[PDB]
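Before any comments, here is the structure.
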Amino acid sequence: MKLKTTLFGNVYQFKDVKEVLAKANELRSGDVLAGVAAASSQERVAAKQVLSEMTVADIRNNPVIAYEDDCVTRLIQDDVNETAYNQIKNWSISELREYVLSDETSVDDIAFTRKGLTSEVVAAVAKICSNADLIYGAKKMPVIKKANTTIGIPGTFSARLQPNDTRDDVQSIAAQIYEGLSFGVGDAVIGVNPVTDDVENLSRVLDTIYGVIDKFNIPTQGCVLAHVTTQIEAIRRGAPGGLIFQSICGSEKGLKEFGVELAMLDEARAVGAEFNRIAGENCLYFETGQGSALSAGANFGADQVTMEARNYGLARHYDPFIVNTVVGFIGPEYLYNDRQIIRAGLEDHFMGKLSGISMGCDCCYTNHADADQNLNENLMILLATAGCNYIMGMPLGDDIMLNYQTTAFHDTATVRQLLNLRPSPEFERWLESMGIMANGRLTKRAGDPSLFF
Amino acid sequence: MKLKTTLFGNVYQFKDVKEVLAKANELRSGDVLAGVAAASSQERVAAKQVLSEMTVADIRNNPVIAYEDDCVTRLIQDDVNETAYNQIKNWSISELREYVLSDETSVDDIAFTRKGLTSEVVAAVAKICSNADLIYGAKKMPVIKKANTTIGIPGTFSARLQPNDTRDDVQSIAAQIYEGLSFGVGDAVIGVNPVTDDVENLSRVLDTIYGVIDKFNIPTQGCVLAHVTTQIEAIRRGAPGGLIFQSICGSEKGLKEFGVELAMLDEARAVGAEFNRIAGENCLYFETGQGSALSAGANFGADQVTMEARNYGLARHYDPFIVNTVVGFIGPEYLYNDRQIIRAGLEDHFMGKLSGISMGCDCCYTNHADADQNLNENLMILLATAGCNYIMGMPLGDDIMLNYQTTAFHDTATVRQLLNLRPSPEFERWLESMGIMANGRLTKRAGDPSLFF
Amino acid sequence: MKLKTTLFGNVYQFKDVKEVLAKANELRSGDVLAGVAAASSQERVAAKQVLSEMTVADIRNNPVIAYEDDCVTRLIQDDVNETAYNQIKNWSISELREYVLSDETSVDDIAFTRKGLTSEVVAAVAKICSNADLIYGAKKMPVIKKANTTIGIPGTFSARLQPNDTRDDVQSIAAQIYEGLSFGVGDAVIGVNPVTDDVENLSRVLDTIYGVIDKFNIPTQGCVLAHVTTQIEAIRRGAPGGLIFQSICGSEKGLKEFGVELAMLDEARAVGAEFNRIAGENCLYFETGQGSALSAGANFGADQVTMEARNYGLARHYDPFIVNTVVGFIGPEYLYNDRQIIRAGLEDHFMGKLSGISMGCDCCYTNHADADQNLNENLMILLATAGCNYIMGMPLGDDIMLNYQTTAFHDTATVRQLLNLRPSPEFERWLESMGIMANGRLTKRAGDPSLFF
Amino acid sequence: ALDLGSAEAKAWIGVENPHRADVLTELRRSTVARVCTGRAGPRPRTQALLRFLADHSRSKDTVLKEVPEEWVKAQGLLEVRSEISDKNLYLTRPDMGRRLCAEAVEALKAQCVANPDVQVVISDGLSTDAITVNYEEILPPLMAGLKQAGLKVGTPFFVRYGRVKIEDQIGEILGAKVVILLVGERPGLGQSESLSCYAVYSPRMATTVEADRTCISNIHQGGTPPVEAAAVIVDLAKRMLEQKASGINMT
Ligand code: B12
Ligand SMILES: C[C@H]1O[C@@H](n2cnc3c(N)ncnc32)[C@H](O)[C@@H]1O
Ligand SMILES: C[C@H]1O[C@@H](n2cnc3c(N)ncnc32)[C@H](O)[C@@H]1O
Ligand SMILES: C[C@H]1O[C@@H](n2cnc3c(N)ncnc32)[C@H](O)[C@@H]1O
């Protein structure tokens with residue numbers, strides 16, 4: 001396998017695969033802060049070409065973190081279908097990209113092919129894709145899951161109700177839930193980022209969420225996005241179980257940073273099967289995002305694109321109901337501006353769909369990054385056309401608690417009516433009986449939370 | 001709970017829950033042979049009535065075999081969703097019946113309700129059910145799975161191509177495969193019952209099936225219904241894996257009789273995950289049938305319906321692609337004539353659909369039983385209305401090796417064209433491109449196996 | 001023409017056609033009681049083969065009852081289109097069976113071909129048909145008639161309201177009519193088997209039926225199934241005319257047993273044209289059933305299958321609105337158990353459709369026959385898939401008067417929703433305005449007769 | 001003129017207007033399955049349904065026919081029977097077909113080898129003609145093979161109304177280290193000759209599971225021929241004595 005190429009008469013040589021995976025990336029401030037970024041456009045291009053010419057086996061047999069040392073490498077390599085892998089092992093990344101993009105490749109063809117990839121292979125393809133490549137490639141890879149609603153069917157668009165209060169006051173939380181339901185938000189989940197981490201608080205938050213759910217017989221599910229070990233305990237203890245959440249990183253040391261062992265995730269799966277109020281088979285919820293391993297010092301010289309891909313290959317093992325990157329959640333040290341928050345939100349979603357997970361995206365940015373709310377509206381629409389399974393919702397996307405801006409409840413309603421998409425069919429059926437939605441559009445009386453009173 | 005009821009002023013006392021279930025069965029020669037049957041048609045209705053007023057807990061807490069002594073009782077009980085249980089623990093078996101039968105009960109209502117059930121509770125509902133209750137109720141409980149074909153979609157009807165041989169001769173096997181495909185049979189599985197049980201014979205038959213599959217790129221999957229250990233070693237040694245089959249029984253002594261441990265079923269999942277050419281997520285295949293637990297002395301005084309329903313609570317743990325009963329495979333000692341065999345067909349399918357498994361049925365009979373081929377056509381069509389996921393298929397129904405008669409290839413075509421049902425959509429597209437089918441109907445050139453040449 | 005064949009080296013010889021028509025039958029207790037039944041399976045099979053090899057002319061020129069002696073033979077032979085007959089006269093019954101079954105035969109092809117048959121030829125085909133042959137063969141032969149509702153269109157399913165009281169009390173009769181209408185029954189007819197035979201009683205029964213009809217402007221028609229000469233008189237006299245009913249037998253001596261001359265039927269046709277409140281062109285209603293000629297001693301050595309076929313060839317001359325066999329109405333001396341009541345209900349319906357009449361079936365059994373209500377639910381569904389034009393309805397199918405069990409009002413509603421079939425379009429339009437039916441399904445407020453109050 | 005029991009009737013190609021009629025004939029002879037009989041719409045053709053029902057008329061007869069007591073002795077054999085008295089109750093009570101009567105359990109020890117090392121047993125099972133048609137071809141050459149060199153050959157004997165589990169008793173009564181059972185399988189549609197062997201090592205009534213047996217099925221002129229079957233059984237017998245295990249637990 002070449003690690004070198006000649007571009008304009010000058011020879012471009014690279015040390016290993018990890019470096020070729022890194023410099024091929026589009027320019028972001030994260031790979032600069034990590035020392036893995038290319039020196040220029042030419043060596044970036046040179047890295048893509050050497051990367052495009054490496055085979056699947058080249059990248060599958062060269063994980064950024066070795067097998068014996070990282071239990072996420074272990075999990076990814078162990079879940080490979082070696083039969084699907086051996087069919088494709090000698091394809092160059094440049095033929096895998098053209099196979100994924102081909103209109104002669106079916107959803108069922110991809111369903112077997114993706115079984116023979118490893119997360120690093122997913123990242124490779126994403127690296128040599130234009131932004132239209134990432135959108136159109138992901139669109140032809142739908143991932144459908146079911147809980148108490150069905151998410152991911154082409155022609156639908158879900159949204160998660162994010163009602164975060166600076167005190168987890170249950171009136172502030174209630175109030176935004178009534179606001180969101182009135183715009184058609186909440187079919188992905190009504191999910192709460194808690195300001196605390198105590199059991200008696202979640203039960204309070206869950207019993208508030210589920211009081212509304214039970215009162216209006218809402219087809220959906222609740223969540224409070226505390227640590228998984230507190231969630232498990234609050235539900236083993238009598239709080240209503242919907243989804244079970246946990247943030248994840250793409251390395252063992254990254255999971256330890258969060259306090260997470262893979263045994264905790266197995267336990268969440270088993271707690272869900274005995275306790276949770278879920279009709280479907282998918283009940284887990286993970287969140288990801290470029291720059292978490294680099295923050296944790298758990299990236300090991302690998303770039304935030306490849307490490308983010310290991311997130312999805314990890315998630316795919318637990319078959320969660322939903323996954324979403326939080327694209328601009330941390331700040332400009334990993335992704336600086338609009339150009340990079342878009343490109344990464346396209347890379348992420350594409351990577352998640354190729355790994356076979358119900359990939360949404362929190363289209364968002366922070367106030368110390370070079371961005372504004374027009375960036376959220378650009379990205380949500382592009383990701384919608386890519387068939388992104390869900391985005392977030394908050395009143396004007398203003399998180400009074402986590403101090404970032406996400407997408408409004410207006411913005412899901414806009415995408416659905418701009419692109420003629422519907423909610424989860426079950427959630428849509430409920431909104432129609434409540435008079436909030438007719439023919440995928442808001443009624444006149446919609447957007448008014450006092451409707452529930 | 002009462003074990004006692006007055007009918008026409010006559011007292012009928014029953015010892016335990018085990019007796020009530022057994023005597024509530026409609027008359028079949030296996031229960032008689034098992035000494036569990038009611039002695040009068042008046043005693044039989046008494047068992048129905050006391051059963052109808054027992055609750056879910058009464059039956060959940062009274063399996064015919066105790067938890068400590070049976071790993072199948074453990075699997076069934078350990079897998080209960082206890083929140084879904086507590087909601088219905090106090091309903092009568094009369095109320096679960098009416099709840100299942102209700103058109104105000106949606107498929108997502110049942111999706112959660114069924115997780116609070118155990119197989120004894122499943123069998124309870126079935127015994128107070130007429131033939132029509134079993135057809136209608138099973139129909140509104142579709143179970144959809146996917147391998148490289150999707151099975152169970154309402155409005156579809158699959159068929160297993162069963163090409164058997166007295167010497168496992170592969171030219172004979174291949175002859176019956178072209179015959180089957182020519183009639184649109186095979187979207188369920190191309191499965192061969194072997195007359196030997198060695199790997200080398202097994203792998204030779206698999207090459208024959210998959211050679212046909214590869215040559216015309218048929219969307220389907222091959223299987224050789226040997227013992228599960230021999231399939232695993234044949235696939236480990238490089239033979240193409242499709243489905244992985246094992247005959248099953250509803251008690252630990254029943255499994256032992258077969259030579260099966262649950263860890264082999266856990267291993268077949270892992271072997272399929274690493275090896276098998278399956279685009280979708282379901283890979284395993286089980287077969288069941290009333291009278292198998294009593295044939296092994298492994299029913300412990302329980303009736304053959306209750307024990308067959310535990311087959312389903314077991315298989316649901318491993319979420320297989322297809323399950324089916326071989327309804328009159330054994331003989332008249334267990335199920336006697338038409339009446340009893342149709343009745344068993346409707347029971348097994350309904351309980352399987354209530355169990356959340358992909359329930360099909362080998363509509364069959366043996367020559368020492370009081371039946372003929374008009375019986376198979378009666379029940380094949382009754383089950384197609386009930387949305388039975390698949391039946392078998394052989395030329396004219398004549399197995400030259402298993403020495404019984406099942407459904408013809410013609411019968412799947414008849415059902416489909418009679419009830420306006422399609423094959424698996426993946427498979428139907430292939431027959432269209434093969435000129436075998438158009439608008440769900442066989443073409444003029446269909447039914448000719450010389451068409452592949 | 002052969003009357004002999006060799007089966008397994010043994011020669012099987014038969015005396016005439018009447019015998020070959022008889023022994024070819026599937027085994028029933030009726031042909032045993034008539035001495036016409038085969039000695040075994042082998043001679044049964046041998047009879048089918050010789051029968052399959054006889055031509056149309058062989059069987060057309062050999063009526064079981066001679067021309068000069070029987071005015072039903074006369075009527076059947078006289079209504080032959082000799083042009084259609086001469087096209088097919090030299091086809092063997094085995095090619096007529098394959099022509100009827102061929103997907104290359106159209107409804108319009110059969111419409112001319114059936115004109116050249118005689119009832120004995122219809123019976124011959126039915127004799128060499130499997131049970132699936134009988135179902136699929138009849139499905140592709142729809143017969144559509146019109147009165148005040150349209151019956152027989154594929155995708156619809158009618159039912160007759162049978163409100164029989166042990167005193168013809170008009171409150172008991174009213175009460176079950178309100179019960180049935182509430183389930184969607186009555187589009188075939190609201191038909192009364194009277195316990196009396198006096199004119200002042202029918203007028204009472206008819207004026208009760210038509211008071212409800214007129215009050216809710218029900219698209220349908222009434223009937224009281226007394227003797228035709230009383231019906232004619234009650235309507236000539238001022239009772240409201242709907243359908244005119246008469247039971248019929250397949251021989252002159254069988255009609256005399258009932259008190260019926262063919263002149264009485266001509267008179268019913270003429271009374272209907274001057275008196276009856278029918279929008280359409282079909283207003284007559286006959287009922288049939290295997291074993292009526294044998295009861296009357298009017299079968300003449302011919303079997304109950306062939307004699308039943310002469311029923312339809314007789315009915316076809318008067319172009320009635322509806323005909324239905326009463327399959328298990330008499331008792332076990334003609335049809336003993338489930339196997340025989342099903343096989344005959346399939347033979348009957350198939351035979352009626354081949355003769356070109358609006359063939360329904362009273363799926364029923366008696367309490368001294370080896371049967372139960374699960375037999376009615378098996379048969380109604382199989383006959384529904386065969387496109388049977390209507391079945392009966394009573395509360396739980398319990399006839400408090402004729403002391404047999406028929407099908408419930410529930411059972412028509414079940415078939416319609418199991419098979420996604422509708423009532424007569426006119427009757428469906430009325431049920432929708434009454435709120436009883438939406439989209440072919442019962443509303444929540446359906447099945448409650450106090451709805452009409 | 002057609003005899004549905006004739007070879008030409010069984011060699012009948014019903015396919016109308018085939019793509020490759022020669023291919024049809026090669027598929028029809030490549031198997032004994034009723035391939036290539038064509039269709040009438042979605043339904044079978046008349047003759048194929050006729051030969052099916054005729055074949056079913058014959059197969060039902062073979063179910064209840066018994067082997068003579070005169071045939072068993074013209075073969076010079078100890079005949080013993082289960083607790084079943086006739087062919088009807090045999091079909092409905094498998095538990096008595098798996099058990100020997102009282103005069104049974106004593107004629108065993110009185111008249112036959114004590115603790116043999118192979119015990120060969122023959123029963124009619126579910127088809128008499130599985131036993132009569134293949135005997136003279138399987139049982140004699142079998143019996144020679146075990147004698148060379150082996151092997152305390154147990155004297156053979158016939159079990160009327162016998163089931164497969166009854167060999168668990170025979171293996172104890174006799175104390176045989178290995179038991180072989182030639183038994184009739186249920187009748188097929190086109191033939192009843194099919195024979196099977198169930199072979200278990202040191203059977204136990206308390207302990208032996210169905211998995212512990214080795215099965216050889218479809219011993220007949222259309223499946224495994226009886227001459228070759230016999231050579232395969234004694235070799236199988238040679239291996240269970242080496243390994244001291246049977247069926248599932250063999251290597
Ligand atoms: C009926 C039948 C069964 C029935 C037995 C129920 C019953 N009481 O009748 C059921 C459905 C349980 C069954 C199960 C299996 N069977 Co099976 N079965 C048959 C069949 C069609 C007829 C047997 C027969 O008529 N025997 C004669 C009568 C008189 O004996 P019996 O005492 O009444 O029946 C006993 C035996 O037949 C025995 N038995 C039945 N099948 C098998 C399989 C094996 C390997 C063994 C050791 C014993 C055994 O159990 C019965 C009760 O004790 C044969 C096919 C054939 N051509 O014979 C296959 C056959 C014997 N079975 C076979 C197989 C593969 C199996 C399974 C292992 C399938 C699986 N993947 O799990 C299982 C497990 C067997 C076990 N461990 O007990 C193969 C054997 C291949 C081989 N060379 O050994 C055969 C040849 C055909 C087949 N592919 O199904 N079977
Ligand atoms: C907003 C919520 O989303 C989760 N979250 C945000 N960004 C990431 C990331 N890169 N990786 C994992 N989880 C993340 C955190 O758990 C936080 O609570
Ligand atoms: C046709 C194949 O299906 C399997 N089979 C048949 N009947 C049953 C039953 N009741 N239980 C389990 N497996 C069965 C047998 O193993 C046979 O080989
Ligand atoms: C139930 C009603 O149906 C009619 N009926 C029932 N069975 C038959 C038959 N075999 N032939 C003619 N009419 C019949 C009788 O007239 C009775 O009144």
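Please note that chains go A, B, ... in the order of the structure tokens, that every chain numbers its residues from 1, and that ligands are numbered from 1 in the order shown.
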- Message: Should the cut-off be 10 Å, what would the residue list for chain A against chain B look like, counting only C-alpha atoms, as an MDAnalysis selection string?
- Response: chainID A and resid 78:85 107:116 147:149 219 238 240:241 270:281 426
- All residues 8 Å or closer to residue 258 (chain C), only C-alpha atoms, same chain fewer than 4 positions away omitted, as a PyMOL selection string: chain C and resi 247-248+254
Using C-alpha atoms, can you export the residues from the last selection as a tab-separated table (two decimals), in the first residue's frame?
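Final file, selection-v9.tsv:
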```tsv
chain	number	residue	atom	x	y	z
C	247	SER	CA	-87.28	-24.68	-2.11
C	248	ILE	CA	-86.46	-26.91	-5.07
C	254	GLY	CA	-88.63	-34.20	-5.89
```
- Task: Write out as a ChimeraX atom specification which residues come within 9 Å of residue 53 (chain B) when counting only C-alpha atoms, dropping same-chain ones fewer than 5 positions away.
- Result: /B:1-2,48,91-95
Grab the residues selected above and save them as a PDB file, in the first residue's frame with N, CA and C atoms.
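Now in out_15.pdb:
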```
ATOM      1  N   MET B   1     -57.736 -17.139  43.226  1.00  0.00           N
ATOM      2  CA  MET B   1     -58.357 -17.678  42.021  1.00  0.00           C
ATOM      3  C   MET B   1     -59.180 -18.923  42.330  1.00  0.00           C
ATOM      4  N   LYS B   2     -60.334 -19.058  41.687  1.00  0.00           N
ATOM      5  CA  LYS B   2     -61.103 -20.279  41.835  1.00  0.00           C
ATOM      6  C   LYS B   2     -60.598 -21.341  40.868  1.00  0.00           C
ATOM      7  N   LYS B  48     -62.987 -24.008  30.372  1.00  0.00           N
ATOM      8  CA  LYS B  48     -62.987 -22.731  29.665  1.00  0.00           C
ATOM      9  C   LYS B  48     -63.450 -21.609  30.578  1.00  0.00           C
ATOM     10  N   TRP B  91     -56.130  -8.379  34.774  1.00  0.00           N
ATOM     11  CA  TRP B  91     -57.159  -8.667  33.789  1.00  0.00           C
ATOM     12  C   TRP B  91     -57.477 -10.150  33.776  1.00  0.00           C
ATOM     13  N   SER B  92     -58.748 -10.474  33.576  1.00  0.00           N
ATOM     14  CA  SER B  92     -59.110 -11.859  33.340  1.00  0.00           C
ATOM     15  C   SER B  92     -58.598 -12.319  31.980  1.00  0.00           C
ATOM     16  N   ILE B  93     -58.539 -13.641  31.804  1.00  0.00           N
ATOM     17  CA  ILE B  93     -58.249 -14.191  30.487  1.00  0.00           C
ATOM     18  C   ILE B  93     -59.404 -13.920  29.530  1.00  0.00           C
ATOM     19  N   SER B  94     -60.599 -13.657  30.065  1.00  0.00           N
ATOM     20  CA  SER B  94     -61.705 -13.188  29.235  1.00  0.00           C
ATOM     21  C   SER B  94     -61.435 -11.790  28.698  1.00  0.00           C
ATOM     22  N   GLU B  95     -60.801 -10.942  29.505  1.00  0.00           N
ATOM     23  CA  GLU B  95     -60.551  -9.567  29.098  1.00  0.00           C
ATOM     24  C   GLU B  95     -59.359  -9.456  28.160  1.00  0.00           C
TER      25      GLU B  95
END
```
- Query: Which residues of chain B are close to chain D, meaning at most 7 Å apart when you count only C-alpha atoms, and how do they look as a PyMOL selection string?
  - Reply: chain B and resi 33+166-167+171-172+175-176+179+195+256-259+332-333+367-368+395-396+398+400-401+403-404+410+413-414+447-448+450-451
Take the residues that were just selected and, keeping C-alpha atoms, output them as a short mmCIF file (atom, residue, chain, number, x, y, z; two decimals), in the first residue's frame.
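Generated file (again.cif):
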```cif
data_model
loop_
_atom_site.label_atom_id
_atom_site.label_comp_id
_atom_site.auth_asym_id
_atom_site.auth_seq_id
_atom_site.Cartn_x
_atom_site.Cartn_y
_atom_site.Cartn_z
CA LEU B 33 -52.93 -39.89 25.23
CA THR B 166 -33.70 -39.86 -0.15
CA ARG B 167 -29.92 -39.72 -0.74
CA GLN B 171 -29.11 -33.15 -8.95
CA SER B 172 -32.46 -34.21 -7.50
CA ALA B 175 -34.42 -30.24 -9.99
CA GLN B 176 -36.99 -29.38 -7.32
CA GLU B 179 -39.57 -26.32 -10.03
CA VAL B 195 -31.30 -37.43 5.29
CA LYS B 256 -32.28 -32.32 25.94
CA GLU B 257 -34.10 -35.03 23.96
CA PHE B 258 -32.98 -33.09 20.88
CA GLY B 259 -29.43 -32.52 22.08
CA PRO B 332 -52.49 -39.46 14.67
CA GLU B 333 -51.52 -40.21 18.28
CA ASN B 367 -50.47 -41.21 5.78
CA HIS B 368 -51.32 -43.07 8.98
CA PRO B 395 -43.95 -30.65 -6.06
CA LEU B 396 -47.62 -31.58 -5.50
CA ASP B 398 -45.09 -35.06 -1.96
CA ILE B 400 -40.11 -38.40 -1.13
CA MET B 401 -37.91 -38.50 1.97
CA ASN B 403 -42.75 -39.52 3.72
CA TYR B 404 -45.50 -37.03 4.47
CA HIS B 410 -49.25 -24.67 -6.95
CA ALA B 413 -49.61 -19.48 -6.40
CA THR B 414 -53.29 -20.25 -5.80
CA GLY B 447 -44.53 -23.29 -13.93
CA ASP B 448 -41.82 -24.43 -16.37
CA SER B 450 -36.77 -25.50 -18.05
CA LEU B 451 -37.01 -21.73 -18.10
#
```
Give me the residues of chain B that have any atom at most 6 Å from an atom of ligand 3; for each, the nearest atom pair and the distance in Å, rounded to one decimal. Use only C-alpha atoms and all ligand atoms, sort by chain and number, and format it as a tab-separated table.
```
residue	atom	partner	partner_atom_place_in_ligand_line	distance
B:193	CA	ligand 3	18 (O)	5.8
B:247	CA	ligand 3	13 (N)	4.0
B:248	CA	ligand 3	12 (C)	4.9
B:287	CA	ligand 3	13 (N)	4.7
B:288	CA	ligand 3	11 (N)	3.7
B:289	CA	ligand 3	10 (N)	3.1
B:290	CA	ligand 3	10 (N)	5.4
B:292	CA	ligand 3	10 (N)	4.7
B:326	CA	ligand 3	7 (N)	4.8
B:329	CA	ligand 3	7 (N)	5.2
```
Same residues, C-alpha atoms, output as a CSV table (one decimal), in the first residue's frame:
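Listing of part19.csv after writing:
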```csv
chain,number,residue,atom,x,y,z
B,193,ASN,CA,-34.2,-31.4,5.3
B,247,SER,CA,-36.1,-27.8,15.9
B,248,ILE,CA,-37.2,-26.7,19.4
B,287,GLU,CA,-39.7,-25.2,13.8
B,288,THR,CA,-42.3,-26.4,16.3
B,289,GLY,CA,-45.4,-28.6,16.6
B,290,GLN,CA,-47.9,-29.9,19.1
B,292,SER,CA,-43.2,-33.0,20.6
B,326,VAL,CA,-45.2,-28.6,11.3
B,329,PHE,CA,-45.9,-33.9,10.9
```
- Message: Run DSSP on the backbone and tell me which residues of region 20-178 of chain C come out as helix (DSSP H, G or I); list them as a ChimeraX atom specification.
- Response: /C:20-23,29-33,41-53,56-60,67-69,71-78,82-88,93-101,107-116,119-127,131-139,170-178
